[PDB]
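First, one chain by itself in structure tokens, the form deposited in one PDB entry.
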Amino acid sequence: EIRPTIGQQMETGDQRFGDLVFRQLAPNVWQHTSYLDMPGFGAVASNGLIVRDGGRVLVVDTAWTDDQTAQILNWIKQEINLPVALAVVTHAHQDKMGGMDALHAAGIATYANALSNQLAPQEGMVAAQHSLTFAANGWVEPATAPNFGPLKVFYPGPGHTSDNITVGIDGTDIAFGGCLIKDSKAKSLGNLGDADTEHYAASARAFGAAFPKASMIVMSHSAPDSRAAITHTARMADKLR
């Protein structure tokens, strides 16, 4: 059993598949979890999403590595057995974009914030194939996100990074904050090295206001939580200013 140093532990309802863990969150939504092993420190878990939208699958975030991301595709083939149409990746860091080459090799169309694509090489990441742009209110420009089905992509402003984006799943209780949101019991906002400490709190609140209905808040390094994760993240961020 994988017991992360950072990230949620395995609980009942989790399925181990190769080096990864999968958890069903709703009839057509699963959380993928992958682990980066740091010698002398242990494993760091990272979470993304898998969405079945009719007859295709949509992915939110890669795993840490190409091989782990290929394992996600293999899990999809074995458990869902539908074509993977596209992926949205939520900023240019390894936990979110480390497996882009695996998606590209499989013929999967990839999308990221234009800024993520611009930062990608500087951050050691392969850029997505397509760039999302955003209105001043944070909502994705519709023509840059064609055929996204239930995915509602929102740029909340600079926080964890300047490029961080978020994704709601229409028809479900779920909104995904990626690395921007930490859980309601976290005492740290994680790595603030690339963070905007002035604007973080407003960005966390903007995420909450963009997806006001969502009751299940999914994030990169904790199990899904209530909206208290948003409130708590914003309150920790208030202390940075």
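Only residues modelled in both forms are compared. Throughout, we count residues from 1 along the sequence that is shown. Rigid core (definition): largest C-alpha set, two forms, superposition within 1.5 Å.
Here 38 to 46 and 64 to 72 are compared by their mean Cα B-factor, and 38 to 46 comes out higher. Averaged over Cα atoms, the B-factor as recorded in the entry is higher for 78 to 86 than for the other of 118 to 126 and 78 to 86. Of the residues listed, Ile181, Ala186, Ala202, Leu58, the entry assigns the biggest Cα temperature factor to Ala186. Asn137 sits in the middle third of its chain by CA B factor, as recorded in the PDB entry.
Ranked against the other modelled residues of its chain, the C-alpha B-factor of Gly193 as given in the entry falls in the middle third. The entry lists a Cα temperature factor for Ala175 that places it in the lowest third of the chain's modelled residues. Annotation for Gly159: CA B-factor lies in the lowest third of the chain's modelled residues. Remark: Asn28 belongs to the highest third of its chain, ranked by C-alpha B-factor as recorded.
Absent from the display: the form deposited in another entry. The rest refers to it.
Only one candidate in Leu25, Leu20, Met10, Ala223 has its Cα displaced by 2 Å or more between the shown form and the other one after core superposition: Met10. Compared with the form shown, the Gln8-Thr90 C-alpha separation increases in that other deposited form, the change being 3 Å or greater. In comparison with the shown form, the Cα-Cα distance of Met10 and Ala234 increases by at least 3 angstroms in that other deposited form.
After superposition on the rigid core, the segments of 3 or more consecutive residues displaced by 2 Å or more at every C-alpha between the shown form and the other one are found at 2 to 12, 122 to 124.
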